[PDB]
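Below is the file work-v7.cif, which contains mmCIF, C-alpha atoms (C1' of nucleotides).
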data_model
#
loop_
_atom_site.group_PDB
_atom_site.id
_atom_site.type_symbol
_atom_site.label_atom_id
_atom_site.label_comp_id
_atom_site.auth_asym_id
_atom_site.auth_seq_id
_atom_site.Cartn_x
_atom_site.Cartn_y
_atom_site.Cartn_z
ATOM 1 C CA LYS A 120 30.620 -67.352 -8.703
ATOM 2 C CA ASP A 121 27.600 -65.099 -9.537
ATOM 3 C CA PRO A 122 24.099 -66.582 -8.702
ATOM 4 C CA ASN A 123 23.324 -65.592 -12.331
ATOM 5 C CA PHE A 124 25.481 -64.024 -15.139
ATOM 6 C CA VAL A 125 22.387 -62.513 -16.951
ATOM 7 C CA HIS A 126 19.222 -60.811 -15.595
ATOM 8 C CA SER A 127 15.646 -59.805 -16.601
ATOM 9 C CA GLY A 128 14.266 -56.281 -17.317
ATOM 10 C CA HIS A 129 11.724 -56.286 -14.459
ATOM 11 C CA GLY A 130 9.994 -52.898 -15.138
ATOM 12 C CA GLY A 131 12.767 -50.252 -14.818
ATOM 13 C CA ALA A 132 14.100 -49.031 -18.218
ATOM 14 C CA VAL A 133 17.608 -48.986 -19.821
ATOM 15 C CA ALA A 134 17.119 -45.283 -20.779
ATOM 16 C CA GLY A 135 14.489 -42.463 -20.788
ATOM 17 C CA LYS A 136 13.026 -39.769 -18.296
ATOM 18 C CA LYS A 137 11.424 -43.232 -16.868
ATOM 19 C CA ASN A 138 12.718 -44.874 -13.618
ATOM 20 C CA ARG A 139 15.348 -47.638 -13.000
ATOM 21 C CA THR A 140 13.577 -48.771 -9.792
ATOM 22 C CA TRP A 141 9.960 -49.930 -10.382
ATOM 23 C CA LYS A 142 6.930 -47.855 -9.174
ATOM 24 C CA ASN A 143 7.255 -46.435 -5.636
ATOM 25 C CA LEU A 144 4.786 -47.412 -2.875
ATOM 26 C CA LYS A 145 2.536 -44.321 -3.359
ATOM 27 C CA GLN A 146 1.925 -45.341 -7.022
ATOM 28 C CA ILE A 147 1.392 -49.031 -6.033
ATOM 29 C CA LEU A 148 -1.477 -48.411 -3.536
ATOM 30 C CA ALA A 149 -2.996 -46.046 -6.158
ATOM 31 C CA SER A 150 -2.758 -48.337 -9.243
ATOM 32 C CA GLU A 151 -3.897 -51.432 -7.254
ATOM 33 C CA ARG A 152 -7.401 -49.776 -6.814
ATOM 34 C CA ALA A 153 -8.531 -50.748 -10.372
ATOM 35 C CA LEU A 154 -8.686 -54.507 -9.478
ATOM 36 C CA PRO A 155 -12.002 -56.394 -8.686
ATOM 37 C CA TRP A 156 -11.715 -55.976 -4.852
ATOM 38 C CA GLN A 157 -14.556 -57.006 -2.451
ATOM 39 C CA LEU A 158 -15.773 -56.247 1.132
ATOM 40 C CA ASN A 159 -14.183 -59.482 2.565
ATOM 41 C CA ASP A 160 -10.651 -59.099 1.081
ATOM 42 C CA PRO A 161 -7.160 -58.881 2.774
ATOM 43 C CA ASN A 162 -6.907 -55.483 0.931
ATOM 44 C CA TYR A 163 -3.758 -53.518 2.001
ATOM 45 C CA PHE A 164 -5.755 -50.195 1.949
ATOM 46 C CA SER A 165 -7.958 -51.483 4.857
ATOM 47 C CA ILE A 166 -5.298 -52.463 7.464
ATOM 48 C CA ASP A 167 -4.230 -48.949 8.623
ATOM 49 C CA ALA A 168 -5.607 -48.402 12.154
ATOM 50 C CA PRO A 169 -8.524 -45.984 12.894
ATOM 51 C CA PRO A 170 -8.110 -42.464 14.403
ATOM 52 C CA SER A 171 -7.908 -42.149 18.229
ATOM 53 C CA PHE A 172 -11.419 -42.005 19.761
ATOM 54 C CA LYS A 173 -10.403 -40.072 22.939
ATOM 55 C "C1'" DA B 1 -17.234 58.909 51.732
ATOM 56 C "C1'" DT B 2 -18.158 58.308 47.263
ATOM 57 C "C1'" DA B 3 -18.488 57.521 42.160
ATOM 58 C "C1'" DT B 4 -18.842 53.432 39.848
ATOM 59 C "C1'" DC B 5 -16.841 49.209 38.924
ATOM 60 C "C1'" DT B 6 -16.674 43.553 37.937
ATOM 61 C "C1'" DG B 7 -19.035 39.900 38.854
ATOM 62 C "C1'" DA B 8 -23.273 36.766 38.804
ATOM 63 C "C1'" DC B 9 -25.805 33.692 36.319
ATOM 64 C "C1'" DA B 10 -29.359 34.814 33.989
ATOM 65 C "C1'" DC B 11 -32.282 34.070 28.517
ATOM 66 C "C1'" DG B 12 -31.522 36.976 23.891
ATOM 67 C "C1'" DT B 13 -30.656 34.562 18.833
ATOM 68 C "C1'" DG B 14 -26.770 33.637 15.931
ATOM 69 C "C1'" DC B 15 -24.100 29.705 13.941
ATOM 70 C "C1'" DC B 16 -23.592 24.663 12.634
ATOM 71 C "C1'" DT B 17 -23.728 20.085 14.206
ATOM 72 C "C1'" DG B 18 -26.217 16.352 14.413
ATOM 73 C "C1'" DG B 19 -30.707 12.826 14.495
ATOM 74 C "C1'" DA B 20 -34.598 10.386 12.697
ATOM 75 C "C1'" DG B 21 -38.473 10.062 9.698
ATOM 76 C "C1'" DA B 22 -40.985 8.743 4.883
ATOM 77 C "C1'" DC B 23 -40.185 8.617 0.166
ATOM 78 C "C1'" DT B 24 -38.095 6.643 -4.282
ATOM 79 C "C1'" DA B 25 -35.455 3.518 -6.961
ATOM 80 C "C1'" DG B 26 -30.511 2.087 -7.040
ATOM 81 C "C1'" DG B 27 -28.483 -1.942 -6.037
ATOM 82 C "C1'" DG B 28 -27.777 -5.524 -3.145
ATOM 83 C "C1'" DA B 29 -28.766 -10.460 -2.203
ATOM 84 C "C1'" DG B 30 -30.594 -15.110 -3.982
ATOM 85 C "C1'" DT B 31 -30.099 -18.517 -7.770
ATOM 86 C "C1'" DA B 32 -29.140 -21.709 -11.884
ATOM 87 C "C1'" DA B 33 -26.333 -22.913 -15.967
ATOM 88 C "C1'" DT B 34 -22.247 -24.325 -17.024
ATOM 89 C "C1'" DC B 35 -17.925 -23.739 -17.920
ATOM 90 C "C1'" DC B 36 -13.494 -23.602 -17.082
ATOM 91 C "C1'" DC B 37 -10.304 -23.715 -12.801
ATOM 92 C "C1'" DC B 38 -7.373 -24.683 -9.085
ATOM 93 C "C1'" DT B 39 -5.797 -28.470 -8.492
ATOM 94 C "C1'" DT B 40 -4.117 -33.568 -8.304
ATOM 95 C "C1'" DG B 41 -0.351 -36.195 -10.094
ATOM 96 C "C1'" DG B 42 3.357 -39.140 -13.544
ATOM 97 C "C1'" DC B 43 7.289 -37.779 -16.639
ATOM 98 C "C1'" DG B 44 13.241 -37.956 -16.966
ATOM 99 C "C1'" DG B 45 16.309 -33.258 -19.369
ATOM 100 C "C1'" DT B 46 18.122 -30.849 -16.223
ATOM 101 C "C1'" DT B 47 20.615 -28.733 -12.053
ATOM 102 C "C1'" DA B 48 20.936 -28.978 -6.148
ATOM 103 C "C1'" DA B 49 23.665 -31.702 -3.360
ATOM 104 C "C1'" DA B 50 28.374 -32.935 -1.400
ATOM 105 C "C1'" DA B 51 33.842 -34.855 -1.657
ATOM 106 C "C1'" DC B 52 38.934 -34.566 -3.572
ATOM 107 C "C1'" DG B 53 42.631 -31.838 -5.197
ATOM 108 C "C1'" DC B 54 43.527 -27.562 -5.743
ATOM 109 C "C1'" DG B 55 43.869 -21.936 -7.154
ATOM 110 C "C1'" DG B 56 42.808 -17.428 -5.463
ATOM 111 C "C1'" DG B 57 43.684 -14.815 -1.839
ATOM 112 C "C1'" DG B 58 42.138 -14.088 3.478
ATOM 113 C "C1'" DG B 59 44.684 -13.199 7.116
ATOM 114 C "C1'" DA B 60 48.158 -10.501 11.160
ATOM 115 C "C1'" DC B 61 51.970 -7.474 11.198
ATOM 116 C "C1'" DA B 62 55.369 -3.143 11.493
ATOM 117 C "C1'" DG B 63 55.440 1.765 10.858
ATOM 118 C "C1'" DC B 64 55.157 5.704 7.220
ATOM 119 C "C1'" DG B 65 52.841 9.739 6.879
ATOM 120 C "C1'" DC B 66 48.170 13.225 4.102
ATOM 121 C "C1'" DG B 67 44.802 13.852 7.164
ATOM 122 C "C1'" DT B 68 42.270 14.028 11.185
ATOM 123 C "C1'" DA B 69 40.912 15.902 15.399
ATOM 124 C "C1'" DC B 70 40.738 20.341 19.501
ATOM 125 C "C1'" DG B 71 38.989 24.982 20.937
ATOM 126 C "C1'" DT B 72 40.552 30.140 20.783
ATOM 127 C "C1'" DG B 73 41.041 34.464 17.638
ATOM 128 C "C1'" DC B 74 38.825 38.467 15.640
ATOM 129 C "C1'" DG B 75 35.834 40.404 12.293
ATOM 130 C "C1'" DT B 76 32.050 39.093 10.152
ATOM 131 C "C1'" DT B 77 27.365 36.702 11.133
ATOM 132 C "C1'" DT B 78 22.360 37.068 12.281
ATOM 133 C "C1'" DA B 79 19.599 39.045 16.029
ATOM 134 C "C1'" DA B 80 16.268 42.371 17.342
ATOM 135 C "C1'" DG B 81 12.187 46.008 17.485
ATOM 136 C "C1'" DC B 82 9.092 48.602 15.306
ATOM 137 C "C1'" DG B 83 8.484 52.542 11.574
ATOM 138 C "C1'" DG B 84 5.602 52.420 6.998
ATOM 139 C "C1'" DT B 85 2.225 50.265 3.767
ATOM 140 C "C1'" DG B 86 1.383 46.371 -0.409
ATOM 141 C "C1'" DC B 87 0.045 42.178 -0.096
ATOM 142 C "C1'" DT B 88 -3.332 39.247 0.875
ATOM 143 C "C1'" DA B 89 -8.124 36.317 1.739
ATOM 144 C "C1'" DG B 90 -12.409 37.420 2.549
ATOM 145 C "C1'" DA B 91 -16.002 37.336 0.224
ATOM 146 C "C1'" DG B 92 -19.699 39.149 -2.712
ATOM 147 C "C1'" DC B 93 -21.031 38.101 -7.416
ATOM 148 C "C1'" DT B 94 -21.129 37.280 -11.584
ATOM 149 C "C1'" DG B 95 -20.952 35.315 -16.477
ATOM 150 C "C1'" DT B 96 -20.584 32.081 -18.576
ATOM 151 C "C1'" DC B 97 -17.690 26.991 -20.551
ATOM 152 C "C1'" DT B 98 -16.665 23.329 -19.052
ATOM 153 C "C1'" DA B 99 -17.318 18.833 -17.376
ATOM 154 C "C1'" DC B 100 -20.992 16.099 -16.610
ATOM 155 C "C1'" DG B 101 -26.114 14.556 -18.161
ATOM 156 C "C1'" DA B 102 -29.650 12.622 -22.217
ATOM 157 C "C1'" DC B 103 -30.434 10.309 -27.144
ATOM 158 C "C1'" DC B 104 -28.309 6.910 -30.412
ATOM 159 C "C1'" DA B 105 -24.187 5.584 -33.893
ATOM 160 C "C1'" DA B 106 -19.067 2.161 -35.219
ATOM 161 C "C1'" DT B 107 -17.021 -1.502 -33.266
ATOM 162 C "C1'" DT B 108 -16.695 -5.556 -30.307
ATOM 163 C "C1'" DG B 109 -17.592 -10.528 -28.127
ATOM 164 C "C1'" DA B 110 -20.306 -14.547 -28.531
ATOM 165 C "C1'" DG B 111 -22.018 -18.680 -31.429
ATOM 166 C "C1'" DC B 112 -20.258 -22.906 -34.027
ATOM 167 C "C1'" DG B 113 -19.675 -24.116 -38.187
#

Output the file's structure in the form of structure tokens.
Amino acid sequence: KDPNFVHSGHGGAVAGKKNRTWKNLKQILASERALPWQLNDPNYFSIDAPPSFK
DNA sequence: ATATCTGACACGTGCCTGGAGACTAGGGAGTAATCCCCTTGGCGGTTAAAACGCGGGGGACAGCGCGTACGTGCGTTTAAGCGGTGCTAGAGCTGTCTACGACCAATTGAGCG
């Protein structure tokens, strides 16, 4: 039977003009910028490859 | 044969078009102050988006018949020149008044309380 019969409200709402989905990726890599990041970090903004040099 | 003609062939001055010089002074170009703008970007009441089951009617015939085409008849159409002669623009000139200049009032936008 069901792995659970009741479930949490993880961030999506029951009702409103608000989502049922959580924040999409474009809002995540925006809102994550407010944190105390440093020059040595595994920061997901920094991993996208550079432009082609030739 | 001859009179005298039609180029040869040029500088006369007219007209206006058209250029460059030296001036004022109108206005364009350089700039901050600063505001307020085009713009970036999350929010949820509202409609783009596509099935299923279905209503409105698109679709292809047969053939009736109120109009449509040809293209010649025949008498009515405009053409056509060139008479007179009033209109018509040129154009020469006012004789002002009318719209555009020079001096300064009612009404507005800006400042913030």

Which value, in Å to one decimal, gives the distance between CA of residue 148 (chain A) and CA of residue 166 (chain A)? 12.3 Å

Taking the file as I've supplied it (selection: the PyMOL selection byres ((chain A) within 10 of (chain B))), which residues are included? Please answer as a PyMOL selection string. chain A and resi 134-138+146

What's the 7 Å shell around residue 131 (chain A), counting all atoms listed in the file, without same-chain residues fewer than 2 positions away, as a list in words? residues 128, 129, 138, 139, 140 and 141 of chain A

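The coordinates place CA of residue 163 (chain A) at 11.1 Å from CA of residue 149 (chain A).
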
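The space separating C1' of residue 35 (chain B) from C1' of residue 111 (chain B) comes to 15.0 Å.
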